[PDB]
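The chain below stands alone and is given as structure tokens, in the form deposited in one PDB entry.
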């Protein structure tokens, strides 16, 4: 209430400080996040998992990750990773508090069945702890206990807070549509497919595909910080030049099958074996 206002205040001063101490770049993200937080502070509880609980979890997590950055190739390997995480935290804040104003209670998921699943399972809540989320999901899509779950957390919990927000669920269900085979799609595209690069930049995809330039049909697919919930495919055309496609709001496996049948997507990461997706 006033606890929230105070924690909002601490957060912004903490970000300004972290900025002094310094794509996706922390120099661009830090002040953007600080500005959004002042707008949030200015515009300002809900039930459990409402705007208040969300802010509390968000601010603790922002704090924890800020300490990790402050206490800092393999140094650059870990700064890059923290930088992606801050990008993710800025996007989540932006989606649930556009212009500082909480919209979590009426936020609309892009895929209709994902929408229905979330609102029927969580009601007005915009955020849920991993354990509850995993359990609720499991009533609809069997999640195997053990290591599968760890890989699934990494895919879904973008902000690495141990909580899944409605935004992260939206991102995940867009990427791995259609709903009826949700986890199966995730398993085929993100666990078992050598074409999958997770988060890359355009430049990194270019760099990666250089060694495949004399092999047209070589391709890869990646996620993008500033375009959460969509794919990009990098591929070698017959000319040997690296092009990028952004697939429509439609299943990735369909785009890849159609591109396999056209001769564009044949060699994931240069490799000869192209997984059967039929």
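Numbering follows the first chain given and starts at 1. Rigid core: the largest C-alpha set superposing within 1.5 Å between the two forms.
Another form, the form solved in complex with a partner chain, is not on view; read the next lines as being about it.
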Open item on the list: Using a 4.5 Å heavy atom cut-off, which of 197 to 205, 79 to 87, 179 to 187, 156 to 164 contacts its partner chain in the bound PDB entry?
Closed with: 197 to 205
TODO: Heavy atom within 4.5 Å of its partner chain in the bound PDB entry: which of 211, 70, 64, 246 fits that? Just give me the one.
DONE: 246
Open item on the list: How about residue 226 - does it come within 4.5 Å of its partner chain in the bound PDB entry, if we only consider non-hydrogen atoms?
Closed with: yes
Task: Exercise: residue 222 in contact with its partner chain in the bound PDB entry, heavy atom 4.5 Å - done: yes
Open item on the list: Is residue 232 part of the interface with its partner chain in the bound PDB entry - any heavy atom within 4.5 Å?
Closed with: yes
Open item on the list: Given that its partner chain is not shown alongside this chain, does residue 23 nevertheless sit within 4.5 Å of it in the bound PDB entry, heavy atom to heavy atom?
Closed with: yes
Open item on the list: Is residue 156 displaced by at least 2 Å at its C-alpha between this form and the one not shown when the rigid core is overlaid?
Closed with: no
TODO: Look at residue 34 and decide if its Cα position differs by 2 Å or more between this form and the one not shown after superposing on the rigid core.
DONE: no
Task: Per-residue C-alpha change between this form and the one not shown, residue 14, threshold 2 Å, rigid core fit - done: no
